[PDB]
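Encoded as structure tokens, the structure appears first; notes follow it.
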Amino acid sequence: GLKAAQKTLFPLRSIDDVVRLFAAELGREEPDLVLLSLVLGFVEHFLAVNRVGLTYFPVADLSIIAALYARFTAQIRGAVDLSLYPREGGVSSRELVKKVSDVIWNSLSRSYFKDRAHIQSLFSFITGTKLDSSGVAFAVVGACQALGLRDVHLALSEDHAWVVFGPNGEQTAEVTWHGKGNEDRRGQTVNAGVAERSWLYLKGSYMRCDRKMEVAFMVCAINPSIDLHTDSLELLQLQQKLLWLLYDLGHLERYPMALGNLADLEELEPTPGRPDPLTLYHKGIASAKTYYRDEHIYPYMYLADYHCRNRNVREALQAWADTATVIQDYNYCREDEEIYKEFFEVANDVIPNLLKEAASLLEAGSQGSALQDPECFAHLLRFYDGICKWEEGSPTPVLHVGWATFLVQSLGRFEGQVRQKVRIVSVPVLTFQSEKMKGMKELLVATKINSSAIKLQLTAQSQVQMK
Numbered sequence: 002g003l004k005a006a007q008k009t010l011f012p013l014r015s016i017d018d019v020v021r022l023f024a025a026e027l028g029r030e031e032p033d034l035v036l037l038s039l040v041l042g043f044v045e046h047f048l049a050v051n052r053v074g075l076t077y078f079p080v081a082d083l084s085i086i087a088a089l090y091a092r093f094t095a096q097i098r099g100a101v102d103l104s105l106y107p108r109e110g111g112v113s114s115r116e117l118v119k120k121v122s123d124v125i126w127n128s129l130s131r132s133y134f135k136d137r138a139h140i141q142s143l144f145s146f147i148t149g150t151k152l153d154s155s156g157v158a159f160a161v162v163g164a165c166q167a168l169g170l171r172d173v174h175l176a177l178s179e180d181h182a183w184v185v186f187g188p189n190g191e192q193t194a195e196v197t198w199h200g201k202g203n204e205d206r207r208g209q210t211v212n213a214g215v216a217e218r219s220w221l222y223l224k225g226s227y228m229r230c231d232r233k234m235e236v237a238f239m240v241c242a243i244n245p246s247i248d249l250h251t252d253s254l255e256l257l258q259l260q261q262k263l264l265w266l267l268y269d270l271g272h273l274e275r276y277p278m279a280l281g282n283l284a285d286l287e288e289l290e291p292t293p294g295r296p297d298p299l300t301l302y303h304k305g306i307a308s309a310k311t312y313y314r315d316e317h318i319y320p321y322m323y324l325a326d327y328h329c330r331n332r333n334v335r336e337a338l339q340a341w342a343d344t345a346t347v348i349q350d351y352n353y354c355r356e357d358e359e360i361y362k363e364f365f366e367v368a369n370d371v372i373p374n375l376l377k378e379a380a381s382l383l384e385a386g399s400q401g402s403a404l405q406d407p408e409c410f411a412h413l414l415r416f417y418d419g420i421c422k423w424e425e426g427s428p429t430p431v432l433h434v435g436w437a438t439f440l441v442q443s444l445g446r447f448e449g450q451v452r453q454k455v456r457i458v459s460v549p550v551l552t553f554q555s556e557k558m559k560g561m562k563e564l565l566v567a568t569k570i571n572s573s574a575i576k577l578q579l580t581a582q583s584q585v586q587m588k
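Numbered by the authors' numbering, the letters in the sequence shown go through residues 2 to 53, 74 to 386, 399 to 460, 549 to 588 in order.
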């Protein structure tokens with residue numbers, strides 16, 4: 002049951018009323034994840050999915086929210102019998118966690134598009150019987166909280182979600198699917214994936230949420246998009262205000278991606294008196310370095326993308342070099358394709374487009402151009418070095434000749450006289554970690570880049586055409 006004290010702010014008639022409810026729940030011993038997710042999903046439904074009849078804000082009446090809450094708790098209590106799963110020591114069993122995951126999974130519509138917008142919340146679960154992948158994980162944690170299982174918490178990588186539980190919160194369990202066409206591992210640990218040093222499991226440096234961080238997750242999960250060309254200003258404002266609430270309370274300290282999301286929101290619409298976007302992107306990086314061994318990729322991608330948007334070539338290249346310095350110490354494994362796609366798009370689309378415009382601006386007499406800065410050439414080289422080093426030791430390869438054309442083109446955007454300034458030193550100065558780039562060193566300073574030799578050095582190809 003919802004408690005009396007949780008009910009006093011209703012009806013919620015505005016963004017700020019929603020914020021008050023979040024503040025009240027975050028001041029309680031354990032914020033109520035089910036209440037909060039149902040509220041967010043209700044207002045997201047009426048602000049983004051169906052705005053018919075909207076005049077300011079979709080008033081959330083207690084009768085409506087309480088009935089949805091009861092629909093959830095009735096479903097979970099009825100289908101999960103706790104007597105079947107005795108709890109030693111205030112901690113949950115693997116079988117109980119699996120039962121909860123099965124109850125949520127089995128409730129879902131048989132067939133639907135799993136990557137649609139607005140299927141993240143408990144409101145979607147109850148009203149549409151649809152959840153996205155991490156939405157199932159969140160729903161398992163919200164169900165477990167409603168059942169009194171204080172030890173079950175959300176675990177997050179940069180591309181997946183599962184749960185932690187058990188003695189000292191030291192157990193892991195898969196509770197949802199990952200990607201499209203992968204082998205389901207529900208009920209199993211994540212320890213094989215940690216041991217293979219995949220990006221997917223972050224070498225074990227993934228997020229282990231407390232309840233406050235699970236609130237942060239649902240807030241990050243708000244989706245303001247009405248359509249491909251339009252976002253709800255109301256939802257953007259709500260998300261921004263709730264992220265500052267969390268920030269002020271300390272609950273983003275261990276949440277790099279939330280800090281990046283808030284930076285993105287501040288760039289779109291700055292809040293007077295608050296840190297700049299740049300400051301917030303750097304805080305996200307600092308969070309990753311402090312709490313996650315500097316093993317996260319996206320904090321640097323958040324930063325590079327900001328600099329790219331602002332056509333800051335130098336700082337974008339720096340940030341992408343830093344990204345690649347993280348990825349170098351991973352093995353590229355079979356379910357890591359989302360980060361491969363991101364690196365591919367940066368090397369083979371984004372950087373080319375940035376340097377093409379920089380070349381045109383140099384022709385028109399730009400000063401201080403990244404294309405005349407040997408430190409920028411070094412950043413480009415460090416980016417490729419980290420990708421080559423990533424590939425070393427990996428069960429699946431990364432580079433192929435489709436990368437080589439863009440490498441040759443990007444190298445050629447810097448004149449020989451600029452490229453010659455970088456001194457490549459062994460263990549502007551640069552050290553290579555990869556054997557591919559070490560072998561490419563002499564090719565990098567010729568006036569006219571040897572395209573064929575670069576292709577041979579970047580790829581597995583070792584022969585040239587017969588005839």
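Even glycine gets a Cβ: it sits at the ideal position worked out from N, Cα and C.
- DSSP places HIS139 outside any beta strand (DSSP E), giving it a letter other than H or E.
- For the pair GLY449 and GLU408, the Cα-to-Cα distance works out to about 14 Å.
- Setting aside the 5 residues that flank it on each side, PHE416 is surrounded in the same chain by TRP341, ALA342, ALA345, each with a C-beta closer than 6 Å to its C-beta; the list follows chain order.
- Within the DSSP secondary-structure output, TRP183 pairs in a beta bridge with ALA176.
- Ranked by Cα distance from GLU424, the first of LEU375, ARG98, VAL80, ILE348 is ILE348.
- With a 10 Å radius around the Cβ and a threshold of 16 neighbouring Cβ atoms, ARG446 comes out buried.
- Rounded to whole angstroms, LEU432 and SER219 show a C-alpha spacing of 17 Å.
- A Cβ-Cβ separation of about 13 Å leaves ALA194 out of contact with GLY214 under the 8 Å criterion.
- The C-beta separation of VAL211 from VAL157 comes to about 16 Å, leaving the pair out of contact by the 8 Å criterion.
- Counting the other CB atoms within 10 Å of its CB gives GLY419 a total of 16 or more, which places it among the buried residues.
- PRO79 places its beta carbon less than 8 Å from that of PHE47.
- For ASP248, the enclosing beta strand (DSSP E) has its first and last residue at 246-248.
- In this structure, the straight-line span from the alpha carbon of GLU26 to that of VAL434 is close to 54 Å.
- Between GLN261 and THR292, the gap from beta carbon to beta carbon is short of 8 Å.
- Our two residues, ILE97 and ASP370, have alpha carbons roughly 47 Å apart in a direct line.
- In chain order, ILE125, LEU129, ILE140, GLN141, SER145, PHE146, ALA160 place their CB closer than 8 Å to the CB of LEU152, counting only its own chain and leaving out the 5 sequence neighbours on each side.
- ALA385: not part of any beta strand (DSSP E); DSSP gives it neither H nor E.
- With contacts defined as CB atoms closer than 8 Å, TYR222 and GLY281 fail to qualify as a contacting pair.
- Per DSSP, reduced to three states, the secondary structure at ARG456 is strand.
- When Cβ pairs closer than 8 Å are counted between the two stretches, the region 107-121 is seen to touch the region 171-183, the count reaching three or more.
- DSSP, reduced to helix, strand and coil, places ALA81 within a strand of the structure shown.
- With respect to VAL236, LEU267 sits close: the two C-beta atoms are nearer than 8 Å.
- Around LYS4, the same chain offers no residue with a beta carbon nearer than 6 Å, after the five sequence neighbours per side are excluded.
- For the options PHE238, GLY2, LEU22, the alpha carbon positioned closest to that of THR9 is the one of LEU22.
- In this model, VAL50 and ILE247 are separated by some 6 Å (Cα to Cα).
- Of the candidates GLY99, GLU191, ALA182, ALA182 places its Cα closest to the Cα of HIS199.
- For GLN192, the enclosing beta strand (DSSP E) has its first and last residue at 192-194.
- Within the same chain, and ignoring the five residues on either side of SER399 in sequence, the residues whose Cβ sits closer than 8 Å to its Cβ are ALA379.
- DSSP lists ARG456 as the bridge partner or partners of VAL550.
- The beta carbon of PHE186 sits closer than 6 Å to the beta carbons of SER113, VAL118, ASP172, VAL173, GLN192 from its chain, once the five residues preceding and following it are set aside; these are given in chain order.
- For the pair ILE575 and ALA437, the CB atoms are nearer than the 8 Å cut-off.
- Between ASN244 and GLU563, the C-beta spacing is not below 8 Å.
- Straight-line spacing of the CA atoms in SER572 and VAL441 works out to 6 Å.
- Boundaries of the alpha helix (DSSP H) harbouring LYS576: 572-579, taken from the DSSP string.
- Here the alpha carbons of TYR77 and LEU270 stand approximately 29 Å from one another.
- Annotation for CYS165: the continuous alpha helix (DSSP H) segment containing it runs 154-167.
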